[PDB]
Every structure is written in C-alpha cells, then in structure tokens.
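Following: one structure in structure tokens, then a few remarks.
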Amino acid sequence: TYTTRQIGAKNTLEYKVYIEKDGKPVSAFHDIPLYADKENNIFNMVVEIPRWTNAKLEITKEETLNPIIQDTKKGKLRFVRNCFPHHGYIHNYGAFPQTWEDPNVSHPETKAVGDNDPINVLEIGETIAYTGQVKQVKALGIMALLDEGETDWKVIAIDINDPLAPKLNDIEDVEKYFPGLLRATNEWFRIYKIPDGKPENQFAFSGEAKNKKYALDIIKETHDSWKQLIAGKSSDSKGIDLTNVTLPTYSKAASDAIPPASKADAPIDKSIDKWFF
Amino acid sequence: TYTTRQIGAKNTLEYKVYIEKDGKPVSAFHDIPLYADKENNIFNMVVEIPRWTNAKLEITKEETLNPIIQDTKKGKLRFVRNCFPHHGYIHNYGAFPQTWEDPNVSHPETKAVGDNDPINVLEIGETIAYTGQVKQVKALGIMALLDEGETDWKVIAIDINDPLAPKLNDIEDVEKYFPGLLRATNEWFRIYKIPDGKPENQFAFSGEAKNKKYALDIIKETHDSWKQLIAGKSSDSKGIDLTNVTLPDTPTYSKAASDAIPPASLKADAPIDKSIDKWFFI
Ligand SMILES: [Mg+2]
Ligand SMILES: [Mg+2]
Ligand SMILES: [Mg+2]
C-alpha cells in the first residue's frame, strides 16, 4: 500500500514528499514498479503536480530516495505561470517510475538527446490528483516534445478508476471525449516557459499525438534506458542518486534514515495569480 | 474601512459572509456606496466569487443585511462546473451595490425583464480577489447577457490598483492587453450552465462588448431602479430585505440591525466533493 510522507510546508524550500510502501520510504524513481499489471499494460504513475496548480513539484534526481520537492532556479522556488486561457498545469502531471530519457544518446524520432528525467505522463481524468500519489493508468498515446531542444516525450494516460476509462483505449478516443484537449496540450507545452523568458518549445511530427502501440514502444525503450542506468552501465549517469530499498547502489538502510513526517501550505506570492497573454 | 465577518466553514450550508464597516455589519446590497469617487466614475465592487473557483457564493437579497451565502439548487450547494478550456469563473466576479436589474419592466436593449439582482461585474485584473472584498474599479465596457431569458448585463471592470489600470480606459484597451479574454467571456456565459442541464444562454448585440460610455448609462439605469426599490416605491420588491444601516431617508433604515448579527465563527474551508473537479467538454 502506497502513502505519502510530507516534510515541511508546501511552497517552501524545505518541502519534500517521500512515497511510502507499507509505511516505509522507498525511492519514487527506482522502487515503484513501472507495471502494476504488465500483461494488460497498466502502469504505475507517480503524480508530481495536480491539475490547475503552479508549484513545479518533481521527483528529484540528486537526493536519496528521490523525494518530490519544488524545483528551484538559483535559489528561488519555481512556479509555472498562468498562460491564458490555461490555469497552471492542465493535466495531472507526473512520471512513470523506472524510466529515463537517456541524455547520452540521440533519439532517432526527434534528433535530440533525452532530458535526463523519468518519462513524463499527462493524466487526463476528471479527478484532481495529489502530489506523491501512485495511481494506475492506461496509456492512450504519446507526443514528442523538444523541451528547449531535448527529447521530452509526454505520454497521454487515464486513471483506470476514471468513469470514462472503459471507453478510452487509444488516442482517437481522446478526440471523442475530450475535444480540444490535445490542441490545448500542444499549445501549453509550446508556450508555458515564455513568461519565464525562455523560447517557445516545439514538437516533432507537427505536434501529432502518436497512438498507443507507439507509446508502449517508447515507454519500454525508456524503461530499458533505465535498466542500463540503474545497473551503473552508464557512459554518464549525470549525478542522479541511484539508491533503492526493495531491490549495487542498493541500500536497505536508506528507508530508516528518512526523517519523520511533518505543516500547512505556505502562502504563494500574489504574482503567481497573474494571467499572461 | 471594509472588512468581512465569516460565520461557519466555506463550502457548507451554514457559511455566511457579512461586509463590515468599523467592525460592524452593513448591508452588502444597500449600504456600500455605488461610487467610491463619483467625479471620476470609480465604483465600489462587492466581490462574490474569486477567479478560478466554483462555489457560487452570492449576496443574499432575502436575508437581513444581505450577507453572501452559497447559492443552492433544490437544497444542495451549488458549484459552477468547469467547462473546458475554463477553470471555474474566469474573472473575479460579483456586483455593484445599490443597483438592481428591475424584474418588473422589459428592458429596451434586450426586450426582457431583469434578473432581479444587482448588476454583475467581471473584474479582469491579475490578483485573485476574495469573497466579501470591496474593491475600487473603473468600468471599461459592458455585455448584454440574457441569462435564462433575463436581462443580466455584465460590466467589464478593473481594480484601480492593478499595474495596468492607467493603460485601461475603454473596451478596446481590454482587447489590446487581454487578447482573447472578451471572446472567452462571451463563451463562458453562454455555456456555464449546460452542465446543469440548462440551455445555452444568448447575448444581445451578437455578444458585442459596448464601450465605457454605454456601460455608465446602464449602470445609472440600474442605480435608479435601486433608488426606487430602497425608497419602498417598486411595484413589486420580490420579498427583498431592504433593511439598511446608512440610509436614514428610507422606510427600512435601522442602525441597530447591525447589533443583531452574530459574531464571526470562522472555521477552516470544508472539503468539496470530488465531482466538482470534473472538466466538462461541451
Ligand atoms: Mg525540469
Ligand atoms: Mg521531462
Ligand atoms: Mg445577474
């Protein structure tokens, strides 16, 4: 059973969420199996950012057991800005554990190296998720984002508990039941860092969302990129912390070393409300 | 100075917010002056609903001193649903005090009676407002919504403290600094009750946002309807509570109605049913 352990107040530098299996911290990167049901391609998704929020929370590569923390740039907490007509993130946002966009090789589909992170997942169901949630999802398709010039696939997925899950099996069903969401998704990932002073991003395949079979192939490829990583068979592991507790860099002590749970959400600066056009 | 007095937890049937002056309740409908600065057309806006929220909090006409209370439909808390690509309300939303969309006459611009409420205001500035806030706004323009067949004008306004306020003087400026916003606003008010099983709403003038001059004329009309209402001279005041604490020449003036209000009993926001998360694709 997966739960969460929160250290600190949300929206501060001290905030961390560890995932616990039966009350014991595990690595959110390496210790949650990618497959909840391999035979039926049901994946475990680690939720980082709930729909309609701004705080850029993420599994951190360089801390032990890879807790979810807030991204920073040069000491300042990162909040993704509101880009009209969108409010924060327009998906439940996260990653599949046990995957890696390998930064050391060029991906033939996009002519770019990977962004060094677990492959990202856009979960499109009704219910807003919580940071640190491990949910079970089916993959519907995939989009090829070049994120400041690096391969940054976005899997389009739905919670198997969603009322619509039985009617959603491939990328075409997203167009049926969520008309406009794929367009909005294309726009969002293109422009979301312009308010930060970064360039517009671009997608390979003219922004096309590839179907489920294509997505399963890419996911399995990043999962293999991950098996080379965790084996220490890396030409360059890029400072990632490879410690784990359910599985070399294995270290069963790591789970007891995590501090105990703690605070109410801290205030967010009013500037984060602003809608950019 | 204006403050709030909250009774109960937000997102419950018991929740109420009264607006206070000098720490004592006044009527949110009747006692807050329409104009903060008459000579410069600066209005007091009563905020009901913050941008990007759902709970349909509104001034309560039929309750003494007209506190803001969550609307209900057949007794259940009313939450406006999320209609893609929007999240809840896309403006800080509320009303001008001392106005009324007269329900007893057909309004010439729309050929329909009024929706029996204070004129509504969409405040477009960057900072998210709070329920019971009295802010000072400039009017920029106005749209003629027919909300379930009733005249329901929406003033386009901006907080005078917004960084952009000095650059926003008329309706054309909204399109310049907020491109797509007026178009989205037209869509929002057409579709927002479709998830409630209501028909699509309609606008007069094919949704055109009329300019500031036009807006000021309609705001005056609604202020005049209210002057008649509060004096006890409406042909049918619809059971509205006209009790006030600042208008001595009215039959329903009573400074002591303020003393009768219970003290604040502010509790933490109650949970909202997860169904309200849902994004509706219309
Ligand atoms: Mg990043
Ligand atoms: Mg990424
Ligand atoms: Mg109205």
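Values in this text are rule-based calculations from the coordinates and carry no lab data. Cβ placement follows ideal geometry from the backbone for every residue including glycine, while neighbour counts extend to all protein chains displayed.
I'd like the Karplus ³J(HN,Hα) series for the range B:23-28: coefficients 6.51, -1.76, 1.60, θ = phi - 60°, whole numbers in Hz, and an x wherever there's a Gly or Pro.
x, 10, x, 10, 6, 5
Taking each pair of distinct Cα atoms in chain A once, what is the resulting Kirkwood hydrodynamic radius in Å?
Details: mean 1/r = 0.0525 Å⁻¹.
It is 19.0 Å.
Using only the Cα atoms of the range B:65-162, what do you get for the radius of gyration and for Dmax, in Å?
14.5, 39
Using the Cα gyration tensor of the range A:112-166, with a ≥ b ≥ c the square roots of its eigenvalues, what is the shape: rounded (a/c below 1.5), prolate (a/b larger than b/c) or oblate (neither)? Don't skip to the end; give the middle numbers.
Values: a/c = 3.04, a/b = 1.99, b/c = 1.53.
Taking the square roots of the gyration eigenvalues as a ≥ b ≥ c, the range A:112-166 is prolate.
Going 7 Å from the Cα of B:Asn40 toward and past its Cβ, which residues in the range B:150-182 have a backbone nitrogen under 16 Å from where you end up?
Backbone N within reach: B:158-170.
Mind listing the long-range amide H neighbours of B:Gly88? Cut-off is under 5 Å, sequence gap 5 or more, other chains count too, H placed in the peptide plane at 1.01 Å from N.
B:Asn82, B:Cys83
If a/c stays under 1.5 just call it rounded; otherwise compare a/b with b/c (prolate if a/b is bigger, oblate if not). Do that for the range A:181-270, with a ≥ b ≥ c from the square roots of the Cα gyration tensor eigenvalues. Show your work: numbers first, answer last.
Working: a/c = 2.31, a/b = 1.26, b/c = 1.83.
Because a/c hits 1.5 or more and a/b fails to exceed b/c, the range A:181-270 counts as oblate.
How many percent of all Cα-Cα pairs in the range A:1-154 sit more than 29 Å apart? It would help to have the intermediate numbers written out before the result.
Working: 1649 of 11781 pairs.
For the range A:1-154, the share of Cα pairs beyond 29 Å comes to 14 percent.
Taking just the C-alpha trace of the protein assembly as shown, give me its Rg and Dmax in Å.
26.7, 87
For the range B:1-90, just say rounded, prolate or oblate: build the C-alpha gyration tensor, square-root its eigenvalues into a ≥ b ≥ c, call rounded for a/c under 1.5, and beyond that prolate if a/b exceeds b/c, oblate if not. Kindly include the intermediate steps, with their values, before the conclusion.
Details: a/c = 2.31, a/b = 1.35, b/c = 1.72.
Here the range B:1-90 falls in the oblate category.
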